[PDB]
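Sequence lines set the chain letters: A, B, ... in the order given, protein chains first and strands last, and positions in each chain run from 1.
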Amino acid sequence: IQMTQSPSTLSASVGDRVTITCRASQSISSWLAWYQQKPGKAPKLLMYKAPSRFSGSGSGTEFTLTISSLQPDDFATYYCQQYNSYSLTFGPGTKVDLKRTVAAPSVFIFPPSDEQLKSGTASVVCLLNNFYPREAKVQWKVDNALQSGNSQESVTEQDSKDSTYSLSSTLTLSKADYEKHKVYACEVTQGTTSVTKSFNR
Amino acid sequence: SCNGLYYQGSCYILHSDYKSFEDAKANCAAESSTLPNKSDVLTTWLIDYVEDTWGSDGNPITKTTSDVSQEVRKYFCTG
Amino acid sequence: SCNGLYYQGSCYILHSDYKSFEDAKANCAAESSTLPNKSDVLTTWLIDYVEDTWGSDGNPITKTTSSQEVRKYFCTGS
Amino acid sequence: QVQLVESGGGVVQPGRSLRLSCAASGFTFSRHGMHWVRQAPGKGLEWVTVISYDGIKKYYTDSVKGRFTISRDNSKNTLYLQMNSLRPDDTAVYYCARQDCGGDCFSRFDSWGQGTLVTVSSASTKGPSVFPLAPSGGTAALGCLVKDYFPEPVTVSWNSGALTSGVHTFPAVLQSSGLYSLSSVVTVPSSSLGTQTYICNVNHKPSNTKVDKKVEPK
């Protein structure tokens, strides 16, 4: 009883034919609708009558949305919906963003400020500025040792002018732990390129 | 011999499972049956039962007057 | 002769107006009738029709058992 | 014009109760089933519950069975969601929605409310601490770390809104402590570091606190 939408993310240009597929583990009685949601706003039902660019096709385990001609108004997240056995379920969702050329991030790393260190906690911040595409793997290394479970990431929405992304990753350590190590590194991987920015405490 | 609603010569069998019109109509056909005709039940006591269920014309049978293509409803099969 | 549900000599007549349990019970009594007993319909094909309507015990008839609005109801036993 | 206006959201401690309302206008309320759908921050839509047009049938997703109760009042054209034993994972924006099919049916949702935020947390209201992200013909990066505030939201501007180009204010994240954290950065010409002053203005209306932090080069 698992529901997946393939792809979870996709890039397209204005004027393209976009297809979003939403599958189910078994016969789910009936596919209901597709919905479009933009950040900060309530979801909007997609109607196949306007010439309407939206069309749905559901055949058992598969539900497909087709956007015949994409305008800049269609960049949002899309959710399928289905009914099965006295319940309704939305699919995981698919984000459609504006395609452009690849752009390598500008990588900056900030050691914790002395003012914060006096409070007993150290926050190391890594900034990935103005890159494309969205997918990027950020890894923290302390004295060349991989870190896990002690960092959080945040990403902006696609910019209106250059249609790039920016990402911040924060590594949180105690003041005591931060003073026990020397080299702090933020590594970002995209495709065949990895870039590591570091500092020594 | 009619485990449902008997009216004149027709026996109506309730399918409490909610399905789209296409699935309901195919399900009746798999039992050599059809969905109820609205004009034959509209003015009878059957309307209290067949209300909001699928009619043969693709619309729900309603007493007093969306996207009927993917909505899901109960239905009767007869004949 | 039964303009409703016939099962094993009993005729069940649907009343589509929503009523409280007390008024539904009084309405059946005014015609020498009663609300359905859950034990007489629970395991039969009637359950799909009489579900969510008033039972004689004051509770709605439910398929599996275990909030007092108005409901539809059947009368039987004229 | 079909309108659905929601209310009743807010911050509530775990284990307590909250009641949401949804006022409907512009359609025959009693002829349409109504739904509640919620969306956790940064997650997808999740169907919660449905009540039939006449209020007889109610269905719930498993995670809220026994805790949430849906109800409706057809004479007041209002939908209700009574939420009890609230957990932190119930934190979400809650929407009411109208089925477009009439009577006993299930179908797509053609009208949505504007949503109301429900935050389940034991944390108390607290203004943020703001720490500098000090910069070291290149372009320099600097910013402010807005740490340990509750609840959302926080607004960040630079130089009282005079500096907007190159500003990235990231979405807040929820730390394991239960307090939120956020960063705002800006890229400026490195030649500007000696002459220009950069101040981040952090406004936290829930605590009536405003913090201005001047970010200096090292």
Exercise. For the residue pair D:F68 and D:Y60, is the inter-centroid distance of their aromatic rings smaller than 6.0 Å?
Worked result: no
For this session: Could you tell me whether the side chain of D:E6 and the main chain of D:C96 form a donor-acceptor pair under 3.5 Å?
Result: yes
Exercise. So, D:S107 side chain and B:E71 main chain: donor-acceptor pair closer than 3.5 Å or not?
Worked result: no
Exercise. If you round to the nearest 0.5 Å, how far is CZ of D:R72 from CG of D:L79?
Worked result: 6.5 Å
Seminar exercise, completed: Contacts satisfying salt bridge (charged side-chain N to carboxylate O under 4.0 Å, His left out) that involve residues 82-92 of chain D (not counting sequence neighbours) are D:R38-D:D90, D:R67-D:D90
For this session: Please check if the side chain of D:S21 supplies one atom and the backbone of D:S7 the other of a donor-acceptor pair under 3.5 Å.
Result: no
Exercise. Is the shortest distance from a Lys or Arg side-chain nitrogen in D:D110 or D:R98 to a carboxylate oxygen in the other one below 4.0 Å?
Worked result: yes
Exercise. Hey, what do you get for SG (A:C186) to CH2 (A:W140), rounding to the nearest 0.5 Å?
Worked result: 5.0 Å
Problem set entry | B:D52 with B:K74: basic N within carboxylate O range, under 4.0 Å | no
For this session: Would you check if the side chain of B:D57 reaches a backbone N or O of B:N59 as a donor-acceptor pair within less than 3.5 Å?
Result: yes
Exercise. Between the side chain of A:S52 and the main-chain N/O of A:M47, is any donor-acceptor distance below 3.5 Å?
Worked result: yes
For this session: Supply the atom-to-atom distance B:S20 OG to D:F106 CZ, rounded to the nearest 0.5 angstrom.
Result: 14.5 Å
Exercise. Between A:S166 and A:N130, is there a donor-acceptor pair closer than 3.5 Å when you use the side chain of the first and the backbone of the second?
Worked result: yes
Please tabulate, for side-chain N and O atoms in residues 58-69 of chain A, each donor-acceptor pair with protein atoms closer than 3.5 Å (sequence neighbours left out).
none

Problem set entry | Residue from D:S183, D:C144, D:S184 passing side-chain contact (heavy atoms from CB on, under 4.5 Å) with D:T169 | D:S184
Problem set entry | Residue list, salt bridge (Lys or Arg N to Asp or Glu O under 4.0 Å) with A:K141, at least two apart or on another chain | A:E187
For this session: Can you run down the salt bridge (charged side-chain N to carboxylate O under 4.0 Å, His left out) pairs that involve residues 31-45 of chain A, sequence neighbours left out, and say none if there aren't any?
Result: A:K38-A:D73
Problem set entry | Mutual orientation of the aromatic rings belonging to D:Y95 and D:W112 [parallel < 30°, tilted 30-60°, perpendicular > 60°] | perpendicular
Problem set entry | Approximate separation, where rounding is to 0.5 Å, of A:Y83 OH and A:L32 CG | 9.5 Å
Problem set entry | A:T164 side chain to A:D162 backbone, donor-acceptor under 3.5 Å | no
Seminar exercise, completed: To the nearest 0.5 Å, atom NE2 of D:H168 lies from atom CD of A:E157 at 12.0 Å
Exercise. Do side-chain atoms of D:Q39 reach the backbone of D:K43 as a donor and acceptor pair under 3.5 angstrom?
Worked result: yes
Problem set entry | Backbone of D:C101 reached by a side-chain donor or acceptor of D:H32 within 3.5 Å | yes
Exercise. In Å, rounded to the nearest 0.5 Å, how long is the span from CG of D:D73 to CZ of D:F29?
Worked result: 8.0 Å
Exercise. Got a sec, which pairs hit side-chain hydrogen bond (donor to acceptor under 3.5 Å, both in side chains) with one end in residues 94-109 of chain A, sequence neighbours left out?
Worked result: A:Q5-A:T94, A:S11-A:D97, A:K95-A:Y165, A:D97-A:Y132, A:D97-A:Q158, A:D97-A:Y165
Problem set entry | Pairs satisfying disulfide bond (SG atoms under 2.5 Å apart), at least one member in residues 53-84 of chain A, at least two apart | A:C22-A:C80
Exercise. Strictly by modelled atom types, are D:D104 and B:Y18 linked by a side-chain donor-acceptor pair under 3.5 Å?
Worked result: yes
Exercise. So, the side chain of A:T193 versus the backbone of A:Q190: is there a donor-acceptor pair under 3.5 Å, distance only?
Worked result: no
Exercise. With a 6.0 Å cut-off on ring centres, are A:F90 and A:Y35 close enough?
Worked result: yes
